[PDB]
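A.B. asks: First the structure, then my questions, so here it is.
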Amino acid sequence: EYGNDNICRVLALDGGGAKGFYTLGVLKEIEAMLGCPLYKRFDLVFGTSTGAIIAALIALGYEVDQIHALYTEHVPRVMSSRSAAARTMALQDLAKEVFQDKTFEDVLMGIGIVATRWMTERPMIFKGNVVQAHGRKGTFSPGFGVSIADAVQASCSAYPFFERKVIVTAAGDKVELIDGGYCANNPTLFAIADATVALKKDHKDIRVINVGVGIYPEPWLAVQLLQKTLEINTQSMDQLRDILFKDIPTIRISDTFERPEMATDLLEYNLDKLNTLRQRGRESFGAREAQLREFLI
Amino acid sequence: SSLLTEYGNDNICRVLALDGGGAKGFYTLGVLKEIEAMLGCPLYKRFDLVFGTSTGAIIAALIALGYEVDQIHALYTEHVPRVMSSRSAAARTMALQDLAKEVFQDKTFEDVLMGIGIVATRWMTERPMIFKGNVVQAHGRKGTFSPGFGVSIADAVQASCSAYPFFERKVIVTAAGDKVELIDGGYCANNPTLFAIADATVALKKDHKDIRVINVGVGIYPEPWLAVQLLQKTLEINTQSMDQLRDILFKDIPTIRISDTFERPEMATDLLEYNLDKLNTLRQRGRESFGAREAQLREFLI
Amino acid sequence: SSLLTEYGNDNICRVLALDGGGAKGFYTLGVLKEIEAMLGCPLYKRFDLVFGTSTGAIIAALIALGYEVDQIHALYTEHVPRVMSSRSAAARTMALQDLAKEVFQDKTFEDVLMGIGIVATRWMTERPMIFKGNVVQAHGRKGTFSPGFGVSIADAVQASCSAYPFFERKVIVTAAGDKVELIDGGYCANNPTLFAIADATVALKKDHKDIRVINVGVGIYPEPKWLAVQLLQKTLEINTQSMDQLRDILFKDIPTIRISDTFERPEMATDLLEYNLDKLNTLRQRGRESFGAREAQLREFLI
Amino acid sequence: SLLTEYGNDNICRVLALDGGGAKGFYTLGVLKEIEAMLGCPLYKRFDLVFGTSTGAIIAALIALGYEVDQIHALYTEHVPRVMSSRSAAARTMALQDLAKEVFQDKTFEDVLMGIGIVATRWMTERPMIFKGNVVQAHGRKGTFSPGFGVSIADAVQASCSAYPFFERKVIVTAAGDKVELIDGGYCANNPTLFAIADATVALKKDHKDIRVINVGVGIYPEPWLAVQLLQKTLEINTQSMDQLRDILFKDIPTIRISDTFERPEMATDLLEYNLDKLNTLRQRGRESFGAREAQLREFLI
Ligand SMILES: Nc1ncnc2c1ncn2[C@@H]1O[C@@H]2COP(=O)(O)O[C@H]3[C@@H](O)[C@H](n4ccc(=O)[nH]c4=O)O[C@@H]3COP(=O)(O)O[C@H]2[C@H]1O
Ligand SMILES: Nc1ncnc2c1ncn2[C@@H]1O[C@@H]2COP(=O)(O)O[C@H]3[C@@H](O)[C@H](n4ccc(=O)[nH]c4=O)O[C@@H]3COP(=O)(O)O[C@H]2[C@H]1O
Ligand SMILES: Nc1ncnc2c1ncn2[C@@H]1O[C@@H]2COP(=O)(O)O[C@H]3[C@@H](O)[C@H](n4ccc(=O)[nH]c4=O)O[C@@H]3COP(=O)(O)O[C@H]2[C@H]1O
Ligand SMILES: Nc1ncnc2c1ncn2[C@@H]1O[C@@H]2COP(=O)(O)O[C@H]3[C@@H](O)[C@H](n4ccc(=O)[nH]c4=O)O[C@@H]3COP(=O)(O)O[C@H]2[C@H]1O
């Protein structure tokens, strides 16, 4: 609506597998209440694994309408690959068709993509502005001089199913990355650290609209431990956020479903089930409609 | 006693956070032995908060009760190595259960002389469980606050030292009769430094210019399937990412970290070490790491 | 063309010492890169003295000749890998001579833009042979002082990098005519921090207060009859470690910063004679990350 | 026999002994001529003495209060017995019977002067310098136990543990720490640069009020591509350290007593055990004191 109001609204998108059709429904009930593309009422856009695709397109062009078509055309196909190498090939073509040649300079709003380094074991975060980092200024090239087609492709590669990406920075050093779900499945906490410390904002200035994908049921003792350890981090990171930044206006939109006919597998290639998740989630906004307009205006 | 220096009260709040790594805690004793003598009094008279983790809780508790370093080292070398020599996973729990009953016989969380906190991980909820000591350190729900959940200070430690693939799972019953399930605290936070500042910043409100953090680890050593490597790889990512977040958020706080990295094939251990001569080498390695930074630690705490 | 900022004169005298490694010099190229862009000017505009051992001698010379860091990195990966690829003592010596011919051929110890010192060990006298630039850096015999023994830089740096077991001893002919035989400068001082300290206290008599010391190493990495072998390895480590312990006893009240980290994981097992550019590329990333921790402190030293 | 008193001036006088093995006899010949010039035990004039692997057995006996005439009696009887044993294991064993019969259960509290003994840490690769007073320490003055609560029979035996011909030794300090040490002739063979530091940063003194006396064993002739290097690098450390000394500490009046011999009538052997050969080394020491008596009289008086 208006131009500026000294209110920094951040957007943290979760993401994983085909279940990202949920947040496409939530984000569909929005951008109509507003009337403008979702980047016209936001200053930061964070996305870890599947919200990274939604993060880019929102940041460099088209609205949700188009995104949905680009998401139902290529994404349901890549999961339908019975080999780990085949999934990596279709993902490369996906990243090559929706992102042809645009890079981190053609981005319209502040964006941060989450990725994990396989050797240093600490997250890599692609940023797009000079005053966005906290240290080591100088030799700071937006997006490491990398193309967006290769930045998102790395941030979507789950190791046990995909292949580990190898990116060639502009400075000439090959980095071996994996998807940003292994370090932060929820970029909410990281998003607070940019507006607070880097952008130098007060503690009552920001409105954090966090959108998720939802919780769903299921269709060697190390395999159980992987699922258990990969859930403690996301929960503990959430609890930590509530203790540190308890005085920040936040709204989390991610509901839990318990019906047996709703259990997914994070890789469901069924257009006759992803459509239902797109529907259940258009109602999850209908319960907080009166509250979200206090944040977006 | 031979430690009689009385330090006057001041407005500065000095925090101490102890890392845990198992039987490799001898590195922590060697470092703390030098810090006490530099002061001249037991550590409970100069520090205002103490947190710990799996093996650091056995040390973090004794510092809060009032024990001196020379007494802590007298017990840490006869009970800790003997439980790591247990073969069966059921034997490592029967042996750890006898440890806390000979060091923390009957005391509770109401007989501590400083701020305390012990980290433990829930299994069902998958969130931390920190055993506070005073209601002033809580972050809500203060109307039903009981120091230490009404749990004895011996069981709060037995739960934090129990790693799942090697120990058993601990079941405690609090005051209100709630059978909670817990495992080692090295899953949610291996370095409680980020948990320690959070408890001393929004609770016990202190500015960023009046806090002195001192993090003492256990060191870094070389190594002595597909789903198994992934497991170890995920754990390192969480630890190396949790402290970087601390560096971004909390960088205006004077902080000193005392840990050392070794690369020789002789200094190769794991968290199952029970060799007396090997552990002794780790002890005198920590004392050397203090002298390199003594010129600065004297400025923080005189 | 990019670095344009200027820094005025001042009384505090800085110093820079570079450890002598091998193919592991890529680690130092990362640390120096971050420091360069941070300052915003070539290093010969802020530092007032630079020492260097075998591998740091190439960098210590190029830094003293006006070259930037983005130019040294090009001249480093272009030739050094060939030097390490050879599998013979005479072959490595020939490549080392071809290297020292193209990077600088017609240059002597009189085009240096700052004060320089290059460490090299004699084979007969068993005392160091430190090539200096000006006469004020000398301690004795100030009646016959040619700035650099009359020797050119092409073979002055070639003598420093002559590890006798894998290379051949270098024979130098000075201006007076003395035929001297030298070996790697890493046999007498693998860390020239102490030597540079002594050259800025007894000569160029600055008090301990106003001396800012910066020592950039190469990092410690794991290793991938046998009695005299180990015992030779231990003797080389004893001299290196004992010399550092002697340093912080006398010159304890001098501000200093040492940037050299340690790694222990098996994927990093870098040793001497490394020629795989893939592993050598990873080390340049580590040195770039090692500066990120001490960036707040180094800003107090260099301003 | 030895009756002479000297006033307590403001000048410190250091004595640094080197190490060469059985060649210590050369040092005794020089000390016999210095004491006789003063007419008093050496501890009443000197304030600090360091040693390394040969001077330990001598610097220890000096700081206790012995006289040179009594040291030579023990040195001539027990030292050549050590080197006579031809085995890497028998030399380390016989070296115990040397310290167990001389320093019979003594500590670093029974000293009348500042002492310092040098050794080498096998695992850490740094020096271990035993001392006997807290005012000679550089930091970590807390938890300072004189001599690490170790006896003198073991601190001396460690500084004479030359790995090629001797075995390693293990040392248990006061705080149950098991350290592994070797000979001290690997980190510093001439303890001149160590003593000057221990008397400048600790025992703060001006370079105008110090007088160092360094005595060695002399340089004598010698009677695979991997051994050559080892013998070369050991003497590149000895050298380049004397040079570092001459550059840093130049305004400190000093005297060195070590003469070079070239004839083939010598036999460089730290493992020497021929009495007629060692008696000659003892004579060259006295012959060397005569050329520098005029100056030693100016320093010691
Ligand atoms: N909000 C946050 N919350 C928690 N942690 C955060 C947050 N933001 C960053 N980090 C972590 O901070 C670490 C170091 O950040 P620095 O600011 O010190 O320097 C940056 C920058 O100068 C430069 N650079 C950055 C982006 C770009 O597009 N091109 C580019 O060149 O590289 C360094 C990136 O390194 P990593 O990305 O691998 O690691 C990061 C990250 O893990
Ligand atoms: N410094 C920290 N760093 C990182 N995480 C932290 C920190 N502090 C708390 N948390 C997490 O936040 C959750 C809620 O904490 P609260 O302080 O808001 O409420 C507390 C308190 O009221 C009461 N209580 C606490 C301690 C005690 O000895 N007796 C007692 O009665 O019980 C609740 C504790 O329950 P958990 O401990 O199981 O859950 C905690 C923890 O997961
Ligand atoms: N900072 C130091 N740290 C550690 N050791 C050092 C240091 N400086 C000198 N030494 C050692 O001390 C010995 C004598 O040094 P001097 O300075 O007293 O005399 C110098 C000078 O007058 C002249 N000369 C020097 C350099 C030059 O480029 N042209 C030139 O003409 O030759 C003599 C050099 O000979 P070496 O170099 O072979 O021997 C040196 C070295 O072994
Ligand atoms: N003049 C010198 N020149 C060059 N280097 C020197 C010099 N003096 C010491 N060092 C080196 O400096 C390192 C650290 O010494 P520190 O002074 O810091 O603290 C001492 C002291 O507090 C305590 N202690 C000492 C003597 C004793 O009889 N009982 C006792 O308890 O133990 C530490 C001994 O350690 P090491 O001996 O193993 O190593 C030493 C040494 O290698």
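Quick note: numbers on chain D are straight from Swiss-Prot, i.e. 9-231, 243-320, in order.
Structure determined by electron microscopy, 3.3 Å.
The backbone N, Cα and C atoms fix where each Cβ goes, and this holds for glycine too.
These came from Swiss-Prot, pasted as-is:
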ACT_SITE  D:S61  active site, nucleophile
ACT_SITE  D:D191  active site, proton acceptor
DOMAIN    D:23-204  domain 'PNPLA'
MOTIF     D:27-32  motif 'GXGXXG'
MOTIF     D:59-63  motif 'GXSXG'
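What's the neighbourhood like for each of these?
C.D. replies: For the recorded site, D:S61 (active site, nucleophile), the DSSP three-state label reads coil. In sequence order, D:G27, D:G29, D:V126, D:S167, D:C168, D:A170, D:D191, D:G192, D:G193, D:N197 are the residues near D:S61 (active site, nucleophile), counting only same-chain partners six or more apart with C-beta under 8 A.
Over all protein chains present, the Cβ of D:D191 (active site, proton acceptor) has 25 other Cβ atoms lying within 10 Å.
A Cβ distance under 8 Å defines the sequence-distant neighbours of the motif 'GXGXXG' (D:27-32), meaning residues of its chain 6+ beyond its ends; these are 59-66, 83, 87-88, 91, 170, 192-193, 197, 224-226, 228, 288-292, 297, 300.
Long-range contacts of the motif 'GXSXG' (D:59-63) within the same chain: residues 24-29, 31-32, 35, 124-126, 167-168, 170, 191-193, 196-199, 225, each at least 6 residues beyond the stretch ends and with a Cβ under 8 Å from a Cβ of the stretch.
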A.B. asks: Where 11 intervening residues lack coordinates, what is the integer distance in angstrom between the Cα of D:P231 and that of D:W243?
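C.D. replies: End-to-end across the missing region, Cα to Cα: 17 Å.
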